[PDB]
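Presented below is the structure to which this report refers.
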Amino acid sequence: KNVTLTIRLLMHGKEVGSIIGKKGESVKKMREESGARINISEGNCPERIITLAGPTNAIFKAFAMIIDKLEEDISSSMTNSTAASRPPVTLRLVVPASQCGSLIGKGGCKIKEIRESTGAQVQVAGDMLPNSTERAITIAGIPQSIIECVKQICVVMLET
């Protein structure tokens with residue numbers, strides 16, 4: 001209704017699976033409530049990638065829904081696995097080379113100040129020789145810290 005955007009979610013088949021939801025009825029519910037083009041792709045690295053596209057509002061709900069699904073799962077009494085030792089929450093997003101380069105800014109002053117206050121740590125994919133095109137960033141920390149990093153990067157992206 002106001003402005004459109006695009007966000008590529010990259011996660012491990014296991015983590016993303018918990019987010020997908022049983023019988024895919026949850027992912028169906030996610031889209032219906034999001035309103036922004038939500039799809040899935042491959043990932044020799046992550047295995048699962050959710051391509052979301054749509055106005056800031058649609059995306060706002062989607063991101064809030066997916067994060068909640070992960071919050072409900074962890075706090076649902078895991079009846080499997082043996083300890084995780086991962087108090088924080090990591091989310092690896094995808095972005096073009098131009099996005100990562102600028103997102104970092106001169107001497108990383110930009111990305112540094114963002115993660116410095118956000119309280120979370122941002123990750124960056126490698127680039128062995130001139131082959132890689134898209135860079136994957138991994139933000140770990142508190143759910144509040146993550147949503148903050150996304151809101152800060154988004155607002156700055158539009159306001160350039």
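Residues are referred to by chain and number: the chain letter is A, B, ... according to the order shown in the structure tokens, the number counts from 1 in that chain, and ligands are numbered separately from 1 in the order shown.
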Using backbone DSSP assignments, extract all alpha helix (DSSP H) residues from chain A; output them as a PyMOL selection string. chain A and resi 13-20+25-34+56-74+97-104+109-118+143-159
I want to know what sits within 9 Å of range 57-66 of chain A, based on only C-alpha atoms, with residues of the same chain fewer than 4 positions away left out; could you give that as a list in words? residues 1, 2, 3, 4, 5, 6, 7, 19, 20, 27, 30, 31, 33, 34, 35, 36, 37, 38, 52, 53, 70, 71 and 147 of chain A
Please write the residues from the selection above to a file, keeping N, CA and C atoms, as a PDB file, in the first residue's frame.
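Printed below is result-v3.pdb as written:
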ATOM      1  N   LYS A   1       0.839  -1.228   0.000  1.00  0.00           N
ATOM      2  CA  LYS A   1       0.000   0.000   0.000  1.00  0.00           C
ATOM      3  C   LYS A   1       0.861   1.260   0.000  1.00  0.00           C
ATOM      4  N   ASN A   2       2.044   1.165   0.599  1.00  0.00           N
ATOM      5  CA  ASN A   2       2.962   2.297   0.665  1.00  0.00           C
ATOM      6  C   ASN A   2       4.212   2.025  -0.165  1.00  0.00           C
ATOM      7  N   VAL A   3       5.046   1.108   0.317  1.00  0.00           N
ATOM      8  CA  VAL A   3       6.275   0.746  -0.378  1.00  0.00           C
ATOM      9  C   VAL A   3       6.475  -0.764  -0.372  1.00  0.00           C
ATOM     10  N   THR A   4       7.130  -1.279  -1.407  1.00  0.00           N
ATOM     11  CA  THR A   4       7.379  -2.711  -1.516  1.00  0.00           C
ATOM     12  C   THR A   4       8.822  -3.051  -1.169  1.00  0.00           C
ATOM     13  N   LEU A   5       9.050  -4.304  -0.789  1.00  0.00           N
ATOM     14  CA  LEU A   5      10.390  -4.757  -0.432  1.00  0.00           C
ATOM     15  C   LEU A   5      10.549  -6.250  -0.693  1.00  0.00           C
ATOM     16  N   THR A   6      11.770  -6.743  -0.509  1.00  0.00           N
ATOM     17  CA  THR A   6      12.066  -8.155  -0.720  1.00  0.00           C
ATOM     18  C   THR A   6      13.063  -8.659   0.317  1.00  0.00           C
ATOM     19  N   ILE A   7      12.772  -9.816   0.900  1.00  0.00           N
ATOM     20  CA  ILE A   7      13.645 -10.403   1.908  1.00  0.00           C
ATOM     21  C   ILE A   7      13.811 -11.903   1.687  1.00  0.00           C
ATOM     22  N   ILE A  19       9.960 -24.146  11.401  1.00  0.00           N
ATOM     23  CA  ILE A  19       9.295 -22.907  11.053  1.00  0.00           C
ATOM     24  C   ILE A  19       8.228 -23.143   9.993  1.00  0.00           C
ATOM     25  N   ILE A  20       8.476 -24.113   9.116  1.00  0.00           N
ATOM     26  CA  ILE A  20       7.533 -24.443   8.060  1.00  0.00           C
ATOM     27  C   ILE A  20       6.202 -24.878   8.656  1.00  0.00           C
ATOM     28  N   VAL A  27       2.733 -22.998   7.219  1.00  0.00           N
ATOM     29  CA  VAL A  27       3.354 -22.146   6.211  1.00  0.00           C
ATOM     30  C   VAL A  27       2.277 -21.559   5.314  1.00  0.00           C
ATOM     31  N   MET A  30       0.963 -18.794   7.309  1.00  0.00           N
ATOM     32  CA  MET A  30       1.934 -17.707   7.311  1.00  0.00           C
ATOM     33  C   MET A  30       1.698 -16.778   6.126  1.00  0.00           C
ATOM     34  N   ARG A  31       1.655 -17.355   4.928  1.00  0.00           N
ATOM     35  CA  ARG A  31       1.433 -16.580   3.714  1.00  0.00           C
ATOM     36  C   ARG A  31       0.114 -15.817   3.786  1.00  0.00           C
ATOM     37  N   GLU A  33      -1.536 -14.764   6.196  1.00  0.00           N
ATOM     38  CA  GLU A  33      -1.473 -13.655   7.145  1.00  0.00           C
ATOM     39  C   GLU A  33      -0.432 -12.617   6.731  1.00  0.00           C
ATOM     40  N   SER A  34       0.590 -13.057   6.007  1.00  0.00           N
ATOM     41  CA  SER A  34       1.651 -12.159   5.564  1.00  0.00           C
ATOM     42  C   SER A  34       1.168 -11.245   4.443  1.00  0.00           C
ATOM     43  N   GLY A  35       0.655 -11.847   3.377  1.00  0.00           N
ATOM     44  CA  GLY A  35       0.179 -11.073   2.249  1.00  0.00           C
ATOM     45  C   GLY A  35       1.279 -10.769   1.249  1.00  0.00           C
ATOM     46  N   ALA A  36       2.513 -11.145   1.584  1.00  0.00           N
ATOM     47  CA  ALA A  36       3.647 -10.904   0.702  1.00  0.00           C
ATOM     48  C   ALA A  36       4.183 -12.213   0.121  1.00  0.00           C
ATOM     49  N   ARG A  37       4.303 -12.257  -1.206  1.00  0.00           N
ATOM     50  CA  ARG A  37       4.823 -13.421  -1.933  1.00  0.00           C
ATOM     51  C   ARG A  37       5.807 -14.251  -1.106  1.00  0.00           C
ATOM     52  N   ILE A  38       5.365 -15.400  -0.605  1.00  0.00           N
ATOM     53  CA  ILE A  38       6.250 -16.271   0.169  1.00  0.00           C
ATOM     54  C   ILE A  38       6.480 -17.590  -0.561  1.00  0.00           C
ATOM     55  N   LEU A  52      10.614 -14.205   0.412  1.00  0.00           N
ATOM     56  CA  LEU A  52       9.451 -13.376   0.716  1.00  0.00           C
ATOM     57  C   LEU A  52       9.514 -12.058  -0.060  1.00  0.00           C
ATOM     58  N   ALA A  53       8.376 -11.619  -0.594  1.00  0.00           N
ATOM     59  CA  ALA A  53       8.316 -10.369  -1.349  1.00  0.00           C
ATOM     60  C   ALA A  53       6.980  -9.680  -1.116  1.00  0.00           C
ATOM     61  N   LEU A  70       9.023 -19.932  15.881  1.00  0.00           N
ATOM     62  CA  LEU A  70      10.270 -20.432  16.442  1.00  0.00           C
ATOM     63  C   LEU A  70      10.272 -20.272  17.961  1.00  0.00           C
ATOM     64  N   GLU A  71       9.541 -19.272  18.443  1.00  0.00           N
ATOM     65  CA  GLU A  71       9.453 -19.008  19.875  1.00  0.00           C
ATOM     66  C   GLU A  71       8.519 -20.007  20.550  1.00  0.00           C
ATOM     67  N   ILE A 147      15.181  -8.598  15.626  1.00  0.00           N
ATOM     68  CA  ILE A 147      14.142  -7.779  15.013  1.00  0.00           C
ATOM     69  C   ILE A 147      14.586  -6.324  14.911  1.00  0.00           C
TER      70      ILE A 147
END
Leaving out residue 86 in chain A and any residue of its chain fewer than 5 positions from it, which residues lie within 12 Å of it when counting only C-alpha atoms, given as a count of residues only? 4
Using Å and a single decimal, report how far CA of residue 68 in chain A sits from CA of residue 28 in chain A.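 Interatomic distance here is 15.1 Å.
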Could you pull out the strand (DSSP E) residues of range 91-143 of chain A, going by DSSP on the backbone, and write them as JSON, numbers by chain? {"A": [91, 92, 93, 94, 95, 96, 121, 122, 134, 135, 136, 137, 138, 139, 140, 141]}
Please produce a file of the residues just selected, as a PDB file, in the first residue's frame, where the atoms kept are N, CA and C atoms.
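Result written to out05.pdb:
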ATOM      1  N   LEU A  91      19.896 -16.085  12.627  1.00  0.00           N
ATOM      2  CA  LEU A  91      19.083 -16.049  11.435  1.00  0.00           C
ATOM      3  C   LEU A  91      19.980 -15.629  10.301  1.00  0.00           C
ATOM      4  N   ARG A  92      20.147 -16.485   9.318  1.00  0.00           N
ATOM      5  CA  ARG A  92      21.014 -16.158   8.229  1.00  0.00           C
ATOM      6  C   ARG A  92      20.209 -15.698   7.027  1.00  0.00           C
ATOM      7  N   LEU A  93      20.359 -14.431   6.709  1.00  0.00           N
ATOM      8  CA  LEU A  93      19.657 -13.826   5.583  1.00  0.00           C
ATOM      9  C   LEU A  93      20.566 -13.738   4.360  1.00  0.00           C
ATOM     10  N   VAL A  94      19.962 -13.543   3.192  1.00  0.00           N
ATOM     11  CA  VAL A  94      20.717 -13.444   1.948  1.00  0.00           C
ATOM     12  C   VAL A  94      20.576 -12.058   1.325  1.00  0.00           C
ATOM     13  N   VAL A  95      21.629 -11.612   0.649  1.00  0.00           N
ATOM     14  CA  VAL A  95      21.628 -10.306   0.001  1.00  0.00           C
ATOM     15  C   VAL A  95      22.707 -10.228  -1.077  1.00  0.00           C
ATOM     16  N   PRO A  96      22.515  -9.358  -2.085  1.00  0.00           N
ATOM     17  CA  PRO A  96      23.481  -9.194  -3.176  1.00  0.00           C
ATOM     18  C   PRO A  96      24.801  -8.604  -2.694  1.00  0.00           C
ATOM     19  N   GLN A 121      25.569 -10.035  17.002  1.00  0.00           N
ATOM     20  CA  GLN A 121      26.713 -10.111  16.103  1.00  0.00           C
ATOM     21  C   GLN A 121      26.269 -10.496  14.696  1.00  0.00           C
ATOM     22  N   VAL A 122      26.770  -9.772  13.701  1.00  0.00           N
ATOM     23  CA  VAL A 122      26.420 -10.040  12.310  1.00  0.00           C
ATOM     24  C   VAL A 122      27.504 -10.859  11.618  1.00  0.00           C
ATOM     25  N   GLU A 134      26.131 -13.806  -4.315  1.00  0.00           N
ATOM     26  CA  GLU A 134      25.302 -13.406  -3.185  1.00  0.00           C
ATOM     27  C   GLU A 134      26.005 -13.709  -1.867  1.00  0.00           C
ATOM     28  N   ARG A 135      25.877 -12.798  -0.907  1.00  0.00           N
ATOM     29  CA  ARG A 135      26.503 -12.973   0.398  1.00  0.00           C
ATOM     30  C   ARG A 135      25.456 -13.234   1.474  1.00  0.00           C
ATOM     31  N   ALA A 136      25.743 -14.192   2.349  1.00  0.00           N
ATOM     32  CA  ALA A 136      24.828 -14.542   3.428  1.00  0.00           C
ATOM     33  C   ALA A 136      25.317 -13.991   4.763  1.00  0.00           C
ATOM     34  N   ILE A 137      24.451 -13.243   5.438  1.00  0.00           N
ATOM     35  CA  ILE A 137      24.787 -12.656   6.728  1.00  0.00           C
ATOM     36  C   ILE A 137      24.079 -13.401   7.854  1.00  0.00           C
ATOM     37  N   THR A 138      24.770 -13.620   8.975  1.00  0.00           N
ATOM     38  CA  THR A 138      24.153 -14.335  10.093  1.00  0.00           C
ATOM     39  C   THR A 138      24.136 -13.485  11.358  1.00  0.00           C
ATOM     40  N   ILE A 139      22.935 -13.142  11.811  1.00  0.00           N
ATOM     41  CA  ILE A 139      22.770 -12.337  13.014  1.00  0.00           C
ATOM     42  C   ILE A 139      22.316 -13.193  14.189  1.00  0.00           C
ATOM     43  N   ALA A 140      23.105 -13.188  15.259  1.00  0.00           N
ATOM     44  CA  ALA A 140      22.783 -13.966  16.451  1.00  0.00           C
ATOM     45  C   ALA A 140      22.589 -13.059  17.660  1.00  0.00           C
ATOM     46  N   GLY A 141      21.679 -13.449  18.546  1.00  0.00           N
ATOM     47  CA  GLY A 141      21.413 -12.658  19.730  1.00  0.00           C
ATOM     48  C   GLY A 141      20.015 -12.872  20.274  1.00  0.00           C
TER      49      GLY A 141
END
With distances taken over only C-alpha atoms, which residue among A:16, A:154, A:50, A:40 lies nearest residue 103 in chain A?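 Nearest candidate to residue 103 in chain A out of A:16, A:154, A:50, A:40: A:154.
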Between A:99, A:26, A:18, A:81, single out the one closest to residue 153 in chain A, counting only C-alpha atoms. A:99
What's the 9 Å shell around residue 119 in chain A, counting only C-alpha atoms, without same-chain residues fewer than 2 positions away, as JSON, numbers by chain? {"A": [114, 115, 116, 117, 121, 141, 142, 145, 146, 149]}
So that I can see what lies close to residue 45 in chain A, please list as a PyMOL selection string the residues with an atom at most 10 Å from it, counting only C-alpha atoms and leaving out residues fewer than 5 positions away in the same chain. chain A and resi 10-13
